[PDB]
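All ligand and atom numbering here is 1-based and tracks the order in the structure. Protein chains get the first letters and strands the later ones, always in sequence-line order, with residue 1 at the start of each.
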Amino acid sequence: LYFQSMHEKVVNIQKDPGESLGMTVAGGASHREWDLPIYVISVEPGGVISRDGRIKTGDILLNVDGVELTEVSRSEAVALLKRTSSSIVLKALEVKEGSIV
Amino acid sequence: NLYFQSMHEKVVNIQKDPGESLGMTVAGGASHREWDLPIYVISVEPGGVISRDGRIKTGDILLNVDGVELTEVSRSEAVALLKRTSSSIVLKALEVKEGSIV
Ligand code: NA
């Protein structure tokens, strides 16, 4: 039996403008062999993302402020995440379960 | 000021008992909307084969098992390759070493 469970979240975060999100992201479509997701690879303890609690290391970022991240470059995705703003809407994916091997 | 990232491949030859599992859990190998999730390591069982070996980590994307490129086979075939009864398994994985802080 193959199990897998997905939870796609809409995460509304209010912050100070010029406050960073406090997470580290990697992935995207920059390289020849891959169109990878944008992964959250670290979260800074006590930062915006950390205090919010909904997005954690291992989650995938799907959409930032209405823009689906498949439609823009990794550079542009980072640009969207870095936009000066006091609120940001992120859609993220949390994957659970899997096949034990 | 810099928003650099880096990812690196690694080849891991593991010797094990034919009766023992790898001691990890894999997910992905399926699409979500317009996203194709690669097969990756979602969990590692403390003290199992993969844990004791120490080279493959949670989050590693699995590229190739025993010569078979996983993008070229079904998800279930990927899982079957990993579960093969054998005393040695060769894995090629892709690890994100560095990302962009936002
Ligand atoms: Na690409």
Student: So A:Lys15 and A:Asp52, salt bridge (charged side-chain N to carboxylate O under 4.0 Å, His left out) or not? Walk me through it.
Tutor: CA-CA 10 Å; A:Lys15 55 182 208 69; A:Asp52 174 82; over 6 Å; no
Student: Mind listing the closest non-hydrogen atom pair of A:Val72 and A:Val67 along with its distance?
Tutor: CG1-CG1, 3.6 Å
Student: Donor-acceptor pair, A:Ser85 side chain versus A:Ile88 backbone, under 3.5 Å?
Tutor: no
Student: Run the salt-bridge test on B:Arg55 and B:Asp60 with the 4.0 Å N-O cut-off and return the result as yes or no.
Tutor: no
Student: Would you sort out whether A:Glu19 and A:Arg51 count as a salt bridge (charged side-chain N to carboxylate O under 4.0 Å, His left out), showing the intermediate values?
Tutor: CA-CA 13 Å; A:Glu19 192 172 13; A:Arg51 295 191 312 268; 3.2 Å; yes
Student: The Na ion (ligand 1): which protein N, O or S atoms are under 3.0 Å away?
Tutor: A:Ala29 O, A:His31 O, A:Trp34 O, A:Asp35 OD1
Student: Would you say B:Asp66's side chain and B:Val90's backbone share a donor-acceptor pair under 3.5 angstrom?
Tutor: yes
